[PDB]
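Input: a single structure, listed below in structure tokens.
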Amino acid sequence: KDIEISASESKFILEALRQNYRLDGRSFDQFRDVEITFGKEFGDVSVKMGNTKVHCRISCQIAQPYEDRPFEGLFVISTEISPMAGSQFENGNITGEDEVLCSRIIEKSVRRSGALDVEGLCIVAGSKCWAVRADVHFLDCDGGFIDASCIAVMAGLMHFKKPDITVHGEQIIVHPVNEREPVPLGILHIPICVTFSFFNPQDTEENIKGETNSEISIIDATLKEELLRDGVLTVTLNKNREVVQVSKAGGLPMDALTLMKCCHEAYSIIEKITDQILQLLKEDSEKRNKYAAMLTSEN
Amino acid sequence: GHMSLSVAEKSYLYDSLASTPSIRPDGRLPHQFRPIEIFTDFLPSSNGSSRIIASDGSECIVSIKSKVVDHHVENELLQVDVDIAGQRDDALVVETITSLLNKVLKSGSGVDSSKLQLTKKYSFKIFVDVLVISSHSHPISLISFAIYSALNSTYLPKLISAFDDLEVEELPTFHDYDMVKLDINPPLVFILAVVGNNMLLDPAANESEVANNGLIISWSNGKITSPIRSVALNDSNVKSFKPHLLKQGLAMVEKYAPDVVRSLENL
Amino acid sequence: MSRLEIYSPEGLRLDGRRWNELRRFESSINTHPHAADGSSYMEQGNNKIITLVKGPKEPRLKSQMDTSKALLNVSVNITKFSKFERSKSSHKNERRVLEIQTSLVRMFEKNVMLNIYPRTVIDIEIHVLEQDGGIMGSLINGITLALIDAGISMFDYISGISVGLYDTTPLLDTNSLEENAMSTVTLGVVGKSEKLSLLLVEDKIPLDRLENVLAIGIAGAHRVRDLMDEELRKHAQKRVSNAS
Amino acid sequence: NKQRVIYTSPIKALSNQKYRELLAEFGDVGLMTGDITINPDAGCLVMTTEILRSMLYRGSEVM
Amino acid sequence: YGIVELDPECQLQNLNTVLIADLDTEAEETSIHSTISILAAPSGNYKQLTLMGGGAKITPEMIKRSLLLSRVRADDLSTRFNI
Amino acid sequence: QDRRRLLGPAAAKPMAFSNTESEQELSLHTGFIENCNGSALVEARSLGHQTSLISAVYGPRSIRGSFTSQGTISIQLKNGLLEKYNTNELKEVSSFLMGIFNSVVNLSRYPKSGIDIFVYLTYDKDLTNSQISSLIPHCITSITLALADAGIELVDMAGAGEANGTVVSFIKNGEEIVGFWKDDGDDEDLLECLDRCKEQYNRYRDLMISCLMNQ
Amino acid sequence: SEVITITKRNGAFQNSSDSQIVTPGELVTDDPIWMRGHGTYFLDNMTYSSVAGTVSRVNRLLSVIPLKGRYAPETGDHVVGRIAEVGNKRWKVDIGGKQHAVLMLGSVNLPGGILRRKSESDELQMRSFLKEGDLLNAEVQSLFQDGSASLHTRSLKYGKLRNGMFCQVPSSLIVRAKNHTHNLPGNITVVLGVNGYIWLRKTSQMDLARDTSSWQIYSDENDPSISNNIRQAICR
Amino acid sequence: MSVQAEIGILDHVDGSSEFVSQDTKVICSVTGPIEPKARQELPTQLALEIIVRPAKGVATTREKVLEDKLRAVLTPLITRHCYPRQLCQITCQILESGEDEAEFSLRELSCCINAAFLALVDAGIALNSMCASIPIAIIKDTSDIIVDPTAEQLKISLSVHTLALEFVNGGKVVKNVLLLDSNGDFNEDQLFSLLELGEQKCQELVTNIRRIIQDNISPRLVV
Amino acid sequence: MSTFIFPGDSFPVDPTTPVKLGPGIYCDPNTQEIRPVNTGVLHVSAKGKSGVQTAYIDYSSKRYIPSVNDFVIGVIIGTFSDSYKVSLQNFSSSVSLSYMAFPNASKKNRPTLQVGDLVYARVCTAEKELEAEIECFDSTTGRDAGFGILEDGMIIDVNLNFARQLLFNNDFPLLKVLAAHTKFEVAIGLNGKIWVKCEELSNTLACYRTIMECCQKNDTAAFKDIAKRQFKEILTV
Amino acid sequence: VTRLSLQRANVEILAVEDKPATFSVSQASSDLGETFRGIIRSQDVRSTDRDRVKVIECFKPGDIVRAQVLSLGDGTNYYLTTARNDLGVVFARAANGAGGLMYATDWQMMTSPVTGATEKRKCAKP
RNA sequence: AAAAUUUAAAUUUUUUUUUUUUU
């Protein structure tokens, strides 16, 4: 399972960056357009950026909490790749490296960051809590998965609602779904990750001892773009201007002064897209309630 | 195994060691061991540490961490856990040596768990934690040696309060600076090998390769004891054995054992 | 609420350090001649690492083989006695660890002159003994020894250090107590430059410090590869003066 | 007897005479020249003088 | 159950579509492709039925034949060991 | 948990209960497994303790690894139904198993060929109101019968006898020992530990050869 | 009168001619006139070392010789190979260096000599003459494009070992001379490889022939007549 | 007939199809013929490996059998001699349940076959015939039979049924049965009645389908 | 309103006709019957062709099936001696190409190409079941050195039926409008590969973006303005 | 026959005959990949025209060959030959199982009765 | 004043599920 590209094609794109061109039609520092569409279920969404397609799912159920944090509920994200999304991939390799490179990000992007209040999953302390689940599916790759799965999970959390609960010791009263309403969830902050994609037009030494910074960085590598890149970097931020994570794990060497200059441009990008989610969550729920207005008057 | 040697040697090696005036490839006396180095007390986060150096550059370190436990709800008061570099958990030589030293340090066989006893209700869970960097040998008898020094390099914090928690059920208290050495009589392990009518001591890897069969003999308390296993080294040259040769090696170990011990019983 | 004292208004840390100070830093070369031609030992404070390098040599299988360059294997050994509290289970496929196993590869894809070592294998062995926090940059400094410890072809020194942030104030060379106390960043710094190999942030960081925060660690990192150099050199003098 | 055999010459064109002659004659003949080698593992070998010397220094197993 | 279809070529003297049950014997398990598996409780009951038809057709009658062969093989075993 | 199996809901637990010279005996049978080429069946029952176990042969299987001059043995011990011996407790015995047969099998007759040995510690009673050490010698016997059934070149009907936490394996009608195993016991009881093992070995090998030559 | 060296040291991890000594990442100079060879990389002037080693300035050639590394194979050298593998008509064999040497099928002394000519049935008997791990005398012919080199046995003097014992050393301490087979009082012979591999054996007549049957060149036999006074003199 | 489908909706994959019946959304993907692995080849026929991802949870045993019965159905659909020493990985995604996965698996088994049939048409591999699957239930209390039930009707269903048929000659002749998944309590007598609608209905399904294929692909075809 | 078909339909033509088989139809090796086994539209070869007609189904695919006398574009991936390792499509099986199948065929002369090159070649010999083989130079070239290794250029992937129309069809409007702007080269590969080199990378991107878009939209009449717009998108500058 | 290379041919060992017919089939299960496999190299098919060898014109997958052992080779496989006029192809079905049974027309050729189709196989002398 | 003189670089597959580290 190996992608084969000519070195002639390798120089071609490398030339295009040397004349400030890229094959998609975007700018270097331009991001794709995002299509968000929900299914009928809560925590159901289809997210699409041109060629890359994803789908995720949020659910929850009853379990006991750990001994470790006996206060808090349970939550984890599955991101199992299927070779459906591209023939590179093993059947569910949870031990591949790029998978881990997809994993630990979303592990830190959600779980260690804590966008979601796990303490608001405590139904009863130590007895019964929530087990909230996030199964990420990939559909078709043009890269940006780890940015797409960044979004589509956080999209899904802002669309899921959990049903109604009443406690009497052991008499724990899960109510019928349609009499007593499902209840949405508590998001502390909304993180958005950004892939950065790096291209030395030169050898090693002109990056190493060539003092002249000459390295091109772009956003959202397409599939062919992604196969030649030299370093890998993802930052994540919010609306309140705090930096969630940064991960440059090796690759090409890279100036620090670039990275701050990189990460500022992230901010203006992610903010506009964030609010686009925020209206569409409202507007769909508005469309839910206008169709709820088109239901009770109908019934 | 580790090495791949040539057949023309393998005769000569099986020739020279099966001499009736028996000859080692390094020509030691048949009961000698090889020179080593023994370091401890260097992991100051640990209850005890250990560091031992072989002549062929085989290399291990065994760590000592303790833990206070109820000695009634738990049977095994003393746990061994081993790591060999370069190998899977699933491999054979890992697990057998691992399961061995548990038997060697059963809680009342050569282990004096009364010295481990904290209260009438509580005691000390210990962890024999082993990291072998490298070996070229069936490594086992090396590994006991550092552990012997490791137990001789282990201090434990002092009890303050009383020790009868049946009625009053006190939660036991330790001083924060005052440690006491674990008094203990740890055992020792020796690798043997049988060639023809000769029995070498400390088989080196070449000596370990050519052998017909070999032994492991548990020494404790100034004597022979269990666990004792006949043990294959290779599997291309496995021959059977007269029992008096098995009867020979025991005192052959024993009349040279404490001199090795006293060399290490030396402080 | 912490019942302790993070950083004094009088400028001091837990051992009394200033914000711009290091732990005791000790390396060693040829610690294990009988084991491999790369053998180096690190003490950076109580972070104690045995570092081992095998190669350049034949693979175990012809499948794992290239006709262009070398390969690089990372095997990390975190012991269950590495910490104060003894960890229960083993780590040998823990997804936390595999990340670093990915990480050091891509950090060291680009120092090794890979083309001039084709059809051969480089294996880097890690033994984490005593763990003192600052754990990530502790590794990389041990690596930079071990490649030179056999004298493998390379470009440059590569330095690593975790530097932490208590509210406004940078902390060079934090410990694990301070690591659980605040926000920290580790920097994989290359040579004398201002270019980065590793950059990793887990904790939550306000944006505005970060340029200044990044501007801190370079002077630390330059003093790192400083202290590596002479310490090798005084070893390097010890060879030929008594070889010849 | 399945043996190999060296036919010598000082001139390429001496060999070019003898090669195409023997090539017509027995066929399975290797030619070795600074200009052109043909059929290196043939049974019969025709080559100039120094090539033997050259492949006597570095020990051709051809020999 | 297994249903096969037959070659004219393969005969040795001492369409044509045969039902076999009690299947075993790797050669059978390789080469039978339309198959039937049935659960049944002895009074004519049926817990499940399992058709994979990959070789022959299936008649309505091999169905009924297997059904006829179902209620025998089960009911004997209900009565065989009388537990 | 384990995504590959059905282990129930996690919060369940299994059920709990509380308190409210002798003869050994065999029943040895071969030729009853059609996957294998060597099978052997062993019943054992002795005084509080009844034990049954299965030894399975696959050979000679091909080796995808490389060339060898000769054969190679592979031995598996697996828990059956009730008794659960420890994992690391198992393979130590598997180590002790292979050493003896490497003084048994003509591997030189079998270049580049494998030996697969599956041992199923199927069911054991211990109704008695070093627990693995009491089951060692019966393994060797159970293997030997299955290895005769695959008909592989074996030098001797080698067997082990037991005397009170001690296992000693013989050949040549006991005139040499091929496998030694000792736990705690007495001190210098070895000479009596020669004897009671030997006579059980003298018993057992006769029981074995009856199982085959009379068939 | 002892068994083992047990000397103790507790409480510590460890016990604790002028030329240019340069480091990786370090500038040598930027005189453009110098030539740039081994241990050297650069950017158009900046002469940059890559190892821990010494500056070697040869008359206009600057290059860096390291101090640490594996054995460097060179042609015409007299070393010892341990048989790694068998290929198509090829063999793999350890030098101790970076990679294996290769060894052609007809690169070896045939029993009966050249009168035994070629045969395709010989590849059906590769394992006959040679097998794994075995030790021999080998002659370094020539290389490949990388730096991996090959061997042969163009003499009776080169061939498969017997009659003694192997030992091994670092490759550094072995000094170069015009001769490598050496014969020592005690009727014995060292076969110093260059690469760090050392074979001892009893002096043969062919060894005696150096200073005044042929069908035994793949045997695992020794001289059966080996005294202990031979054998113990080996160990000294 | 509230069914609907999409063809050719992935990019890097040979065959792709979204099948949407009344409540369940399922997409299937087909990649083949491509390079097979070492342990996977057949010297003669075509090797097939099939992956189904659920909507919820991960791949376990409940998934495994729905995979494996679906292995059985495709094997005669494929002209398997045409691709020796080859591999076609086919992968299915459950996106919507439309049925209680804890209690049922019925509709998905009908759905995924109806899904994977169309992505092969996208894939354009040598095939043999035409096919269809429907879910059929029999109510516990009413004792009547519904073709294409719902999950609440499944709760009061007594027995759940999936029929897979092989359709030829304009998809009209039942060439063979592929799968009959009889589950729940049933007798002799219901069963021939149980075929007898699905004898019609799956053809009535394919009668829709024959149109749909050409409508999607003849503009993809050139004139 | 065509000769549309399914696998499993009634085959139209009478059995007693001498008929050369085209692809898409399969004859039974077991029962000698012949059936359409693929999806799409039949196109019957009309009468008069020596009394021998031919059936073929238009089927759609992207995954190319190697077949003989077919011009494809390949990638040098390994130097298996005497005989190249070459691939034609990612994740597919590699192809073997002789070192000697070359227009100056010379066995003492070993050619020069290296791992990662693009070469133009025709499938010479390929069983359905065997390691397939190609040729640059052929006997059916008739000593023509018309195939060969390529220079740098640019290669784009399309689906196969489109690439047929690039080869088989002059009504295919693509080559018209492209020649109507700049002058350049084109190699056509039946493996869905289209290799183009221009005088300019600038126009090559203009060449790139059209062919991605046009083959996507697959509407040959619309390709007039769509092609010309990308020039303006390059002449945006 | 397991797999056909341009280099060579790969089979698995199933049955060994004997001297003065008497046989010994292996009792193994190939579906584990258990059995011993061997390799016929393509130049070792026959000696007549041993250079310009066309491998497909003698073998197809799954077919039965009376072949002679050359030697051991490696541990992985075998060195094997058919290079005689009495050796070679024993039996196969048409189109590799996709059709009926095929009979060796000559020693040098093979047809099938009902079909009217022939194929080139290096058949054994019958 | 002629005459002529030198090379040679390596090919086709063996493995065990994810916790869990001190506000």
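Letters for chains follow the order of the structure tokens (A, B, ...), residue numbers begin at 1 for each chain, and ligand numbers begin at 1 in the order shown.
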At a cut-off of 9 Å, using only C-alpha atoms (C1' of nucleotides), what residues contact residue 13 of chain H? Leave out same-chain residues fewer than 4 positions from it and give the result as number ranges by chain.
A: 84-87, 140; H: 29-32, 123; I: 62-63
Take the residues from that selection and put them in a file with N, CA and C atoms, as a compact mmCIF listing (two decimals), in the first residue's frame.
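In the end it all went to selection_28.txt:
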# COMPACT_ATOMS: atom_id res chain seq x y z
N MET A 84 -12.04 2.51 3.47
CA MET A 84 -12.99 3.25 2.64
C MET A 84 -12.45 4.61 2.25
N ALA A 85 -11.90 5.37 3.18
CA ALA A 85 -11.54 6.75 2.87
C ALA A 85 -10.27 6.88 2.04
N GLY A 86 -9.63 5.78 1.67
CA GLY A 86 -8.42 5.81 0.87
C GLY A 86 -7.75 4.47 1.06
N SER A 87 -7.14 3.97 -0.01
CA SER A 87 -6.63 2.61 0.03
C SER A 87 -5.28 2.50 0.72
N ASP A 140 -13.53 10.10 2.82
CA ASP A 140 -12.74 10.32 1.62
C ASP A 140 -11.75 11.40 1.99
N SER H 29 -18.54 1.36 -0.12
CA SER H 29 -17.43 1.71 -0.99
C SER H 29 -16.78 0.46 -1.53
N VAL H 30 -16.28 0.56 -2.76
CA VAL H 30 -15.69 -0.56 -3.48
C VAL H 30 -14.37 -0.11 -4.06
N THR H 31 -13.29 -0.78 -3.69
CA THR H 31 -12.00 -0.58 -4.32
C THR H 31 -11.49 -1.90 -4.87
N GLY H 32 -11.37 -1.99 -6.19
CA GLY H 32 -10.86 -3.19 -6.80
C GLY H 32 -10.92 -3.15 -8.31
N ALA H 123 -18.40 0.59 -9.74
CA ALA H 123 -17.12 -0.03 -9.97
C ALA H 123 -17.02 -0.69 -11.33
N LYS I 62 -12.85 3.75 -13.53
CA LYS I 62 -11.59 4.41 -13.33
C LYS I 62 -10.44 3.44 -13.13
N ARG I 63 -10.68 2.26 -12.59
CA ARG I 63 -9.60 1.33 -12.28
C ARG I 63 -9.24 0.60 -13.55
Can you tell me which residues surround segment 182-195 of chain I at a distance of at most 8 Å, considering only C-alpha atoms (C1' of nucleotides), apart from same-chain residues fewer than 3 positions away, and format the answer as a list in words? residues 62, 63, 64, 65, 66, 70, 71, 72, 73, 88, 89, 120, 153, 154, 155, 156, 157, 158, 159, 160, 163, 164, 166, 167, 178, 179, 198, 199 and 203 of chain I
Please, could you write that set of residues out with N, CA and C atoms as an mmCIF file, in the first residue's frame?
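Contents of result_20.cif, as written:
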data_model
loop_
_atom_site.group_PDB
_atom_site.id
_atom_site.type_symbol
_atom_site.label_atom_id
_atom_site.label_comp_id
_atom_site.auth_asym_id
_atom_site.auth_seq_id
_atom_site.Cartn_x
_atom_site.Cartn_y
_atom_site.Cartn_z
ATOM 1 N N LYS I 62 -12.850 3.748 -13.531
ATOM 2 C CA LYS I 62 -11.585 4.412 -13.327
ATOM 3 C C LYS I 62 -10.436 3.439 -13.131
ATOM 4 N N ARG I 63 -10.677 2.255 -12.589
ATOM 5 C CA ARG I 63 -9.603 1.331 -12.276
ATOM 6 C C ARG I 63 -9.240 0.604 -13.553
ATOM 7 N N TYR I 64 -8.061 0.898 -14.076
ATOM 8 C CA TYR I 64 -7.708 0.413 -15.396
ATOM 9 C C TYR I 64 -7.301 -1.050 -15.374
ATOM 10 N N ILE I 65 -7.834 -1.803 -16.327
ATOM 11 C CA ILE I 65 -7.541 -3.216 -16.493
ATOM 12 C C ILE I 65 -6.518 -3.351 -17.607
ATOM 13 N N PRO I 66 -5.326 -3.859 -17.322
ATOM 14 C CA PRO I 66 -4.278 -3.947 -18.343
ATOM 15 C C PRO I 66 -4.625 -4.907 -19.462
ATOM 16 N N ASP I 70 -2.019 -1.290 -25.923
ATOM 17 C CA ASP I 70 -2.644 -0.144 -25.296
ATOM 18 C C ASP I 70 -1.583 0.807 -24.771
ATOM 19 N N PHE I 71 -1.748 2.089 -25.076
ATOM 20 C CA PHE I 71 -0.760 3.104 -24.742
ATOM 21 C C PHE I 71 -1.020 3.612 -23.337
ATOM 22 N N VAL I 72 -0.073 3.384 -22.436
ATOM 23 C CA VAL I 72 -0.217 3.801 -21.052
ATOM 24 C C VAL I 72 1.031 4.532 -20.607
ATOM 25 N N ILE I 73 0.919 5.163 -19.450
ATOM 26 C CA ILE I 73 1.977 5.982 -18.891
ATOM 27 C C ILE I 73 2.393 5.353 -17.573
ATOM 28 N N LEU I 88 1.462 1.341 -12.939
ATOM 29 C CA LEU I 88 0.613 2.101 -13.839
ATOM 30 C C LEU I 88 -0.455 2.853 -13.083
ATOM 31 N N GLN I 89 -0.801 2.375 -11.904
ATOM 32 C CA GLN I 89 -1.849 2.996 -11.128
ATOM 33 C C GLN I 89 -1.515 2.671 -9.689
ATOM 34 N N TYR I 120 6.706 6.497 -21.641
ATOM 35 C CA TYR I 120 5.564 6.216 -22.490
ATOM 36 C C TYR I 120 5.787 4.822 -23.036
ATOM 37 N N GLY I 153 7.327 17.844 -17.376
ATOM 38 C CA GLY I 153 5.915 17.988 -17.665
ATOM 39 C C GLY I 153 4.998 18.028 -16.452
ATOM 40 N N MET I 154 3.841 17.396 -16.637
ATOM 41 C CA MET I 154 2.818 17.283 -15.611
ATOM 42 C C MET I 154 1.814 16.225 -16.025
ATOM 43 N N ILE I 155 1.393 15.428 -15.077
ATOM 44 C CA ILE I 155 0.481 14.344 -15.369
ATOM 45 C C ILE I 155 -0.751 14.450 -14.488
ATOM 46 N N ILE I 156 -1.913 14.198 -15.086
ATOM 47 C CA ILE I 156 -3.204 14.346 -14.428
ATOM 48 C C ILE I 156 -3.960 13.034 -14.592
ATOM 49 N N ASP I 157 -4.737 12.653 -13.578
ATOM 50 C CA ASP I 157 -5.524 11.431 -13.644
ATOM 51 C C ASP I 157 -6.970 11.718 -14.016
ATOM 52 N N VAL I 158 -7.507 10.933 -14.944
ATOM 53 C CA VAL I 158 -8.921 11.016 -15.287
ATOM 54 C C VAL I 158 -9.479 9.612 -15.289
ATOM 55 N N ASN I 159 -10.773 9.512 -15.552
ATOM 56 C CA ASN I 159 -11.360 8.206 -15.777
ATOM 57 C C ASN I 159 -11.162 7.764 -17.213
ATOM 58 N N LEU I 160 -11.366 6.471 -17.410
ATOM 59 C CA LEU I 160 -10.819 5.792 -18.565
ATOM 60 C C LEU I 160 -11.574 6.138 -19.824
ATOM 61 N N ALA I 163 -10.496 9.097 -21.324
ATOM 62 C CA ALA I 163 -9.194 8.996 -21.960
ATOM 63 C C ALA I 163 -9.291 8.310 -23.310
ATOM 64 N N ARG I 164 -10.284 7.440 -23.474
ATOM 65 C CA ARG I 164 -10.573 6.885 -24.787
ATOM 66 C C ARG I 164 -10.940 7.985 -25.753
ATOM 67 N N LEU I 166 -10.163 11.024 -25.535
ATOM 68 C CA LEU I 166 -8.941 11.718 -25.872
ATOM 69 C C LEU I 166 -8.189 11.022 -26.981
ATOM 70 N N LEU I 167 -8.139 9.704 -26.957
ATOM 71 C CA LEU I 167 -7.467 9.005 -28.031
ATOM 72 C C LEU I 167 -8.360 8.774 -29.229
ATOM 73 N N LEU I 178 -7.355 24.039 -26.591
ATOM 74 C CA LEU I 178 -6.039 24.079 -25.997
ATOM 75 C C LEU I 178 -4.974 24.514 -26.975
ATOM 76 N N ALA I 179 -5.002 23.971 -28.184
ATOM 77 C CA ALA I 179 -4.173 24.463 -29.267
ATOM 78 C C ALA I 179 -4.484 25.905 -29.623
ATOM 79 N N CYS I 198 4.173 21.848 -21.450
ATOM 80 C CA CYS I 198 4.033 23.082 -22.197
ATOM 81 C C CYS I 198 5.391 23.745 -22.331
ATOM 82 N N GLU I 199 5.384 24.931 -22.930
ATOM 83 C CA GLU I 199 6.529 25.810 -22.785
ATOM 84 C C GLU I 199 6.526 26.454 -21.412
ATOM 85 N N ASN I 203 1.008 28.123 -18.124
ATOM 86 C CA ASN I 203 -0.055 27.609 -18.956
ATOM 87 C C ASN I 203 -0.349 26.167 -18.591
#
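Atom CA of residue 155 of chain C sits 7.8 Å away from atom CA of residue 49 of chain G.
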Report task. Could you find all residues in segment 1-212 of chain F that DSSP calls helix (DSSP H, G or I) from the backbone, and write them as number ranges by chain? Result -> F: 87-101, 107-109, 133-149, 172-174, 190-212
Give me, as a PyMOL selection string, all polymer residues having an atom no more than 7 Å from segment 60-68 of chain J, counting only C-alpha atoms (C1' of nucleotides) and skipping those fewer than 3 positions away in the same chain. (chain H and resi 43-44) or (chain J and resi 1-4+56+80-82+87-92+96)
For N, CA, C and O atoms, I'd like the residues from the last selection saved as a short mmCIF file (atom, residue, chain, number, x, y, z; two decimals), in the first residue's frame.
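Final output, saved to result_16.cif:
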data_model
loop_
_atom_site.label_atom_id
_atom_site.label_comp_id
_atom_site.auth_asym_id
_atom_site.auth_seq_id
_atom_site.Cartn_x
_atom_site.Cartn_y
_atom_site.Cartn_z
N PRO H 43 -5.17 -18.60 -6.24
CA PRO H 43 -4.55 -18.81 -7.55
C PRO H 43 -5.53 -18.72 -8.69
O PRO H 43 -5.13 -18.45 -9.83
N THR H 44 -6.80 -18.95 -8.42
CA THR H 44 -7.78 -19.00 -9.48
C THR H 44 -8.80 -17.89 -9.42
O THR H 44 -8.92 -17.12 -10.37
N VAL J 1 -0.15 -26.38 -8.51
CA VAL J 1 0.44 -25.10 -8.87
C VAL J 1 -0.16 -24.00 -8.02
O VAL J 1 -1.38 -23.87 -7.92
N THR J 2 0.69 -23.19 -7.41
CA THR J 2 0.18 -22.10 -6.60
C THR J 2 0.22 -20.76 -7.32
O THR J 2 -0.79 -20.07 -7.39
N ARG J 3 1.37 -20.35 -7.84
CA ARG J 3 1.42 -19.04 -8.46
C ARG J 3 2.47 -19.03 -9.56
O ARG J 3 3.53 -19.65 -9.42
N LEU J 4 2.17 -18.32 -10.63
CA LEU J 4 2.99 -18.28 -11.82
C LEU J 4 3.73 -16.96 -11.90
O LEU J 4 3.11 -15.91 -12.08
N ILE J 56 3.85 -19.50 -19.52
CA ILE J 56 2.40 -19.63 -19.58
C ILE J 56 1.98 -20.77 -20.49
O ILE J 56 0.90 -21.33 -20.33
N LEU J 80 13.33 -27.69 -7.79
CA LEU J 80 12.45 -28.68 -8.38
C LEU J 80 12.57 -28.62 -9.89
O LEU J 80 12.86 -27.57 -10.46
N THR J 81 12.33 -29.75 -10.56
CA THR J 81 12.35 -29.71 -12.02
C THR J 81 11.33 -30.66 -12.61
O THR J 81 10.76 -31.51 -11.93
N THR J 82 11.10 -30.47 -13.92
CA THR J 82 10.23 -31.29 -14.75
C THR J 82 10.93 -31.68 -16.04
O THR J 82 10.27 -32.09 -17.00
N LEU J 87 8.03 -36.37 -17.66
CA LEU J 87 7.60 -35.58 -16.52
C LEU J 87 6.67 -34.46 -16.97
O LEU J 87 6.43 -34.28 -18.16
N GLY J 88 6.18 -33.71 -16.00
CA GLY J 88 5.41 -32.53 -16.30
C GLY J 88 3.99 -32.67 -15.84
O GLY J 88 3.68 -33.32 -14.84
N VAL J 89 3.10 -32.05 -16.63
CA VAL J 89 1.72 -31.79 -16.25
C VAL J 89 0.96 -33.10 -16.17
O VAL J 89 1.05 -33.94 -17.07
N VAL J 90 0.22 -33.30 -15.08
CA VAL J 90 -0.62 -34.47 -14.90
C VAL J 90 -2.07 -34.18 -15.26
O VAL J 90 -2.60 -34.73 -16.22
N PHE J 91 -2.74 -33.31 -14.49
CA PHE J 91 -4.14 -33.03 -14.76
C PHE J 91 -4.56 -31.65 -14.27
O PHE J 91 -4.08 -31.18 -13.23
N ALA J 92 -5.48 -31.02 -15.02
CA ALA J 92 -6.19 -29.84 -14.57
C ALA J 92 -7.57 -29.77 -15.21
O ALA J 92 -7.86 -30.50 -16.16
N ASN J 96 -8.78 -23.08 -15.54
CA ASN J 96 -8.52 -23.20 -14.11
C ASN J 96 -9.80 -23.43 -13.32
O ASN J 96 -10.26 -22.57 -12.57
#
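Shortest separation to chain J among H:131, H:113, H:38, H:163 occurs at residue H:38, atoms counted being only C-alpha atoms.
Using only C-alpha atoms (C1' of nucleotides), the protein and nucleic acid residues lying no more than 12 Å from residue 203 of chain F, apart from those fewer than 3 places from it along its own chain, are residues 23, 24, 25, 26, 141, 159, 160, 161, 162, 173, 174, 196, 197, 198, 199, 200, 206, 207, 208, 209 and 210 of chain F.
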